[PDB]
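Asker: Residue numbers (the UniProt record's numbering), protein chains in the order written: chain A, 117 to 174; chain B, 529 to 720; chain C, 1 to 139; chain D, 1 to 141; chain E, 1 to 96; chain F, 49 to 96. All C-beta atoms in this analysis are idealised placements derived from N, C-alpha and C, irrespective of residue type, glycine included. Sharing a structure here in structure tokens format.
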Amino acid sequence: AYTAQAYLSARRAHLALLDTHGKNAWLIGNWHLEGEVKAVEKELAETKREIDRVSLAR
Amino acid sequence: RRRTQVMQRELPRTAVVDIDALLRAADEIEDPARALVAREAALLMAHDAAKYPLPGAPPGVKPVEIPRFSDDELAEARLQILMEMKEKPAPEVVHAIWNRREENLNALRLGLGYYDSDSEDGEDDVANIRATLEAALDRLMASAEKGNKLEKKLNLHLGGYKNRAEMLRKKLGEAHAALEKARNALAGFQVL
Amino acid sequence: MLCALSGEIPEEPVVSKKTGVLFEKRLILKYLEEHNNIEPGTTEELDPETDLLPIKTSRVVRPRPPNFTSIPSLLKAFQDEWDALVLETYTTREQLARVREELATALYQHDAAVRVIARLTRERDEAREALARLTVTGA
Amino acid sequence: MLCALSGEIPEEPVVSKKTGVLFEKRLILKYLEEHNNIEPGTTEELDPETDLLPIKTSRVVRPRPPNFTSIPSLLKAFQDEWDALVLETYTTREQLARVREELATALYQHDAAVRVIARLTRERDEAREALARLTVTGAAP
Amino acid sequence: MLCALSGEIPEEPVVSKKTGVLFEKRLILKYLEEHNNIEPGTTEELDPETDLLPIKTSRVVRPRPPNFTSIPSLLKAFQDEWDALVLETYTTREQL
Amino acid sequence: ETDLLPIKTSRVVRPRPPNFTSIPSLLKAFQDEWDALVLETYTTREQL
Numbered sequence: 117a118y119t120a121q122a123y124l125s126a127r128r129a130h131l132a133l134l135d136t137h138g139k140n141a142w143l144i145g146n147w148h149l150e151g152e153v154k155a156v157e158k159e160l161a162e163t164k165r166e167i168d169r170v171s172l173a174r
Numbered sequence: 529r530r531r532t533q534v535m536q537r538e539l540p541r542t543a544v545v546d547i548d549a550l551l552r553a554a555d556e557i558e559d560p561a562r563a564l565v566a567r568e569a570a571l572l573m574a575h576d577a578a579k580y581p582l583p584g585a586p587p588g589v590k591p592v593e594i595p596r597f598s599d600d601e602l603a604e605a606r607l608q609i610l611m612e613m614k615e616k617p618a619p620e621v622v623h624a625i626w627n628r629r630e631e632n633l634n635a636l637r638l639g640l641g642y643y644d645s646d647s648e649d650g651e652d653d654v655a656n657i658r659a660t661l662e663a664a665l666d667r668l669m670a671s672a673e674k675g676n677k678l679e680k681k682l683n684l685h686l687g688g689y690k691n692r693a694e695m696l697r698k699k700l701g702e703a704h705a706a707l708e709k710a711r712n713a714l715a716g717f718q719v720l
Numbered sequence: 001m002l003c004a005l006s007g008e009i010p011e012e013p014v015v016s017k018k019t020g021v022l023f024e025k026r027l028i029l030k031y032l033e034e035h036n037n038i039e040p041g042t043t044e045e046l047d048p049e050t051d052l053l054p055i056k057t058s059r060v061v062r063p064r065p066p067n068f069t070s071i072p073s074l075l076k077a078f079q080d081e082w083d084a085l086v087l088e089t090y091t092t093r094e095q096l097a098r099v100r101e102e103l104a105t106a107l108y109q110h111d112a113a114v115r116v117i118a119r120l121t122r123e124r125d126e127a128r129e130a131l132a133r134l135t136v137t138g139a
Numbered sequence: 001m002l003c004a005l006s007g008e009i010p011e012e013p014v015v016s017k018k019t020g021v022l023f024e025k026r027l028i029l030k031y032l033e034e035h036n037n038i039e040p041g042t043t044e045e046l047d048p049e050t051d052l053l054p055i056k057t058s059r060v061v062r063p064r065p066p067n068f069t070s071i072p073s074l075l076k077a078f079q080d081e082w083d084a085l086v087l088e089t090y091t092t093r094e095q096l097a098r099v100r101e102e103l104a105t106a107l108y109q110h111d112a113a114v115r116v117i118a119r120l121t122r123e124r125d126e127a128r129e130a131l132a133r134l135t136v137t138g139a140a141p
Numbered sequence: 001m002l003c004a005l006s007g008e009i010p011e012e013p014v015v016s017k018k019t020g021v022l023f024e025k026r027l028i029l030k031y032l033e034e035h036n037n038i039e040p041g042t043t044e045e046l047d048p049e050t051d052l053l054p055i056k057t058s059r060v061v062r063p064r065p066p067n068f069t070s071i072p073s074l075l076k077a078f079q080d081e082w083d084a085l086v087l088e089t090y091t092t093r094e095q096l
Numbered sequence: 049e050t051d052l053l054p055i056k057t058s059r060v061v062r063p064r065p066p067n068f069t070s071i072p073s074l075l076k077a078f079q080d081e082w083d084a085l086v087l088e089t090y091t092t093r094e095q096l
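Printed below as a string of structure tokens:
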């Protein structure tokens, strides 16, 4: 019961911290993920452009 | 300043203090100086509860009147007690005593405040452990209900953000796979 | 991550070989053309063609999103939680040791005060008996 | 040796230049951040950049038990260690609360003893003054 | 930018002086020790003491999910992640 | 006498032996296992 109460208190503290900083954390994570996806899409677009240039020359 | 020192200090002992039962227990003390000290401590606890009601305690506690005492008398009593005080034990000795207490008695037994040195009866210890377990179960149930409500509120708040993050991650993985396929196709096209 | 000057994710990040601070390519180029190729916050001069190195991210490995459910992220969170619990336990143990030392000193002082109170009560009883005897004899 | 803050051997320990107490770098940094540059066990301020010096020694090889050769057994061992640490922290908190309650009761008893000692001193002084007045008024043979 | 060795954002990023590939410092040191100080994916030798430049920037903080707020939930998530990593490694070996 | 500084020990915590059941040791072992698995997966991905 004491271990369960300690786990419940830790979960409550984590939930309080989440309610405090959830918007900031979600915004930062979404911005980082969007930046990584944009970088990957840019690399794929550059590779496709190089492939199209080689195909046109051939 | 006329109130009890424990009221103005930290770590309050009890929100609810019974002056009458504590005075009756003080009257049952065989030693007269100890009985007077216990009765004065009961009066001080009642005055602390009346003047400084802790959170959760009922209000309207009746204060107890006491005679005025000069600070010089208290200083003289403190000087007499210091003169009557013997050599103070070292911190290592007190630490060894605490370690021996925590080694002989169990750590969970020492943590429980109902495990007294004179309580050698297994029935009283079992009843105290059952009461402590019931209180801990009630507290854990209340904490679990509060945490469940908070988690439900947080999930209802952030489900859209979680779904958007999952969709973005899936799109990023598909884009990475397409980028690898396009790189392979570009290398093959250059060779061809 | 983030850029030092722009404050966002750089599309074409570069790293200074002297300071190791990442920056966007266009913003750092304009600053070097505007600040005589001197980095912001430092008096050192950075070469726009030599001190700047591009950053390349190969997509050979599977791209792991930086979520809290990631295995390295879970390990870091567990390490942080263990460190916080250890710090809380150390503070609680220090407070408990201070409280135990204070309680031992208070118990020794209470024993000395109880002895002094018993002596004072005996002296007061003897003085009251002497006063009663003097009042009875003093007719 | 073992770290002072944790009781276990740190992977990259540091030593204070004042008391010579070994500790972990991250734990000491977090404690200094939380306590506003206060050393553990004392009130003096030790700068981690200057007063804390690292120790350059060979890494101690921990003997891995044969039970920790699988993911599930290692996971169960880590879960048991975490549960034991959580139970130890809860027991330490309960023991600190009980010690605080006992110290509060002892302080209340000591304040009661001080008040009773002041009252007894006043009563004894009054009785001594009455006895002295009776002896002065009385004709001793 | 992300670490090329871990597939995610490195806590302590390091870049080669010639290749310019971001990677974790511990991963780069382990790869140099396990390949006689050679850059992975390249035929050029890499010096971790001189050619490796650390990156001094802020640390990316992952958003904590509401479900992942307990020690047992974290342990279950870690076990699921380890099982998924093992299954992915086995599937990658079979595909190779 | 000056360049050498002695090391003191504090008994605030209990003496934990350096076994395989330590939380920090388990974390370090898990990190090393993750790094080795990542290196193996990277080599397999390069070969693939």
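Hey, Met613 (chain B) and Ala112 (chain C): beta-carbon distance below 8 Å or not?
Answerer: Taking 8 Å as the Cβ cut-off, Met613 (chain B) and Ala112 (chain C) qualify as a contacting pair.
Asker: Assign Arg529 (chain B) to buried or exposed, taking buried as 16 or more other Cβ atoms, counted over all protein chains shown, within 10 Å of its Cβ.
Answerer: Exposed.
Asker: So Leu5 (chain E) and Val61 (chain C) are supposed to be a Cβ contact under 8 Å. How far apart are they, rounded?
Answerer: That belief holds up - the Cβ atoms of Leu5 (chain E) and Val61 (chain C) are roughly 7 Å apart, short of 8 Å.
Asker: Going by DSSP in three states, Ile144 (chain A) sits in which element: helix, strand or coil?
Answerer: In the structure shown, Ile144 (chain A) sits in a helix (DSSP, three-state: H, G or I).
Asker: Report all residues from its chain with a CB closer than 8 Å to the CB of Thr19 (chain C); omit the five preceding and five following residues, and keep chain order.
Answerer: Counting only Cβ-Cβ distances below 8 Å, and skipping sequence neighbours, we find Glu39, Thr42, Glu44 and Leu46.
Asker: Assess contact between the region 648 to 661 of chain B and the region 95 to 102 of chain D, defined as three or more Cβ pairs (one per stretch) separated by less than 8 Å. Is contact present?
Answerer: Cβ pair count under 8 Å is below three, so no.
Asker: When Cβ atoms are compared, which residues of the region 16 to 36 of chain C fall closer than 8 Å to chain E?
Answerer: Listed in sequence order: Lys17, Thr19, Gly20, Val21 and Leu22.
Asker: Select from B:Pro617, B:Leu636, B:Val565 and B:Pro591 the residue whose C-alpha is nearest the C-alpha of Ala577 (chain B).
Answerer: When only C-alpha atoms are compared, the closest one is B:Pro591.
Asker: In angstroms, rounded to a whole number, what distance separates the CA positions of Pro63 (chain E) and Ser171 (chain A)?
Answerer: About 44 Å.
Asker: Quick one: is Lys674 (chain B) near chain E, going by C-beta distance under 8 Å?
Answerer: No - not a single Cβ of chain E is within 8 Å of the one on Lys674 (chain B).
Asker: How would you list, in chain order, the residues of chain F whose beta-carbon sits under 9 Å from the beta-carbon of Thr89 (chain E)?
Answerer: Simply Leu85, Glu88, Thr89 and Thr92.
Asker: Looking at C-alpha atoms only, which residue of C:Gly7, C:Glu123, C:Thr89 and C:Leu134 is the closest neighbour of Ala561 (chain B)?
Answerer: Comparing Cα positions, the closest option is C:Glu123.
Asker: Go ahead and pull the three-state DSSP assignment for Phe23 (chain D).
Answerer: In this structure, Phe23 (chain D) counts as strand in the three-state DSSP scheme.
Asker: With DSSP run on the structure shown, which of helix, strand or coil describes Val61 (chain E)?
Answerer: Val61 (chain E): coil per DSSP, three-state reduction.
Asker: So is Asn36 (chain C) buried or exposed if we call it buried at 16+ other beta carbons inside 10 Å?
Answerer: Per the 10 Å Cβ criterion, exposed.
Asker: Note down the Cα distance separating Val86 (chain C) from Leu27 (chain D), rounded to an integer number of angstroms.
Answerer: Distance between the alpha carbons of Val86 (chain C) and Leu27 (chain D): 8 Å.
Asker: Taking the alpha carbon of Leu124 (chain A) as the point to measure from, which residue in B:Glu679, B:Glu601, B:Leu714 and B:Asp546 has its own alpha carbon closest?
Answerer: Taking only the C-alpha atoms, the option nearest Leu124 (chain A) is B:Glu679.
Asker: Skipping 5 residues on each side, what residues in its chain have a beta carbon closer than 7 Å to that of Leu53 (chain D)?
Answerer: Around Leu53 (chain D): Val14, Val15 and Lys17.
Asker: Exposed or buried, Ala139 (chain C), counting other C-beta atoms within 10 Å across all chains shown (16 or more means buried)?
Answerer: Classification of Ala139 (chain C): exposed, given that the 10 Å Cβ count is below 16.
Asker: Could you confirm whether any beta carbon from chain D is found closer than 8 Å to the beta carbon of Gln536 (chain B)?
Answerer: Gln536 (chain B) does not count as touching chain D.
Asker: Residues of the region 56 to 88 of chain E with a CB closer than 8 Å to any CB of chain A: list them in chain order, please.
Answerer: Answer in chain order: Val60, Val61, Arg62, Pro63, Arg64, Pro66, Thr69, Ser70, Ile71 and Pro72.
Asker: Where does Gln95 (chain E) land, buried or exposed, given buried means 16+ other C-beta within 10 angstroms?
Answerer: Exposed is the call here.
Asker: Give every residue of the same chain whose Cβ lies closer than 6 Å to the Cβ of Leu22 (chain C), excluding the five residues on either side of it in the sequence, and list them in chain order.
Answerer: Contacts found: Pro13 and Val15.
Asker: State the DSSP-derived secondary structure class of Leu103 (chain D), mapped to helix, strand or coil.
Answerer: Reduced to three states, the DSSP call for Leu103 (chain D) is helix.
Asker: Under 8 Å, do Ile9 (chain C) and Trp147 (chain A) count as touching if we go by C-beta distance?
Answerer: In this structure, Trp147 (chain A) lies closer than 8 Å to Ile9 (chain C) by Cβ.
Asker: Could you check how far apart the C-beta atoms of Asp83 (chain F) and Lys56 (chain E) are, in whole angstroms? I think they sit under 8 Å.
Answerer: Wrong, their Cβ atoms sit about 23 Å apart, outside the cutoff.
Asker: Could you check the C-alpha separation between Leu700 (chain B) and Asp80 (chain C) for me, to the nearest Å?
Answerer: For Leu700 (chain B) and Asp80 (chain C), the distance between alpha carbons rounds to 29 Å.
Asker: Could you name the residues of chain D that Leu53 (chain F) contacts, counting a contact when the two beta carbons are closer than 9 Å?
Answerer: The contacting residues are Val15, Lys17, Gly20 and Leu53.
Asker: Please classify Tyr90 (chain F): is it buried, with 16 or more other beta-carbons within 10 angstroms of its beta-carbon, or exposed?
Answerer: So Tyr90 (chain F) ends up on the buried side.
Asker: Would you kindly report the start and end of the unbroken alpha helix (DSSP H) that includes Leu75 (chain E)?
Answerer: Per DSSP, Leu75 (chain E) belongs to the alpha helix (DSSP H) from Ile71 to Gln95.
Asker: Taking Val622 (chain B) as the query, report the chain C residues whose CB atoms sit under 8 Å from its CB, ordered along the chain.
Answerer: Chain C residues near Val622 (chain B): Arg100, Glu101 and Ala104.
Asker: Out of curiosity, what's the CA-to-CA distance linking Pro595 (chain B) and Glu24 (chain D)?
Answerer: Rounded to the nearest angstrom, the two C-alpha atoms are 56 Å apart.
Asker: Would you please verify whether the beta carbon of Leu602 (chain B) is less than 8 Å from any beta carbon of chain A?
Answerer: No, because no Cβ of chain A sits closer than 8 Å to the Cβ of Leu602 (chain B).
Asker: Could you check whether the Cβ of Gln718 (chain B) sits closer than 8 Å to any Cβ belonging to chain D?
Answerer: Cβ-Cβ to chain D under 8 Å: no for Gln718 (chain B).
Asker: From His623 (chain B) to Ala118 (chain C), what does the alpha carbon distance come to, in whole angstroms?
Answerer: Approximately 30 Å between the Cα atoms of the pair.
Asker: Within 8 Å (strictly less), CB to CB, does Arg115 (chain D) reach chain C?
Answerer: By this cut-off, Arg115 (chain D) is not an interface position.
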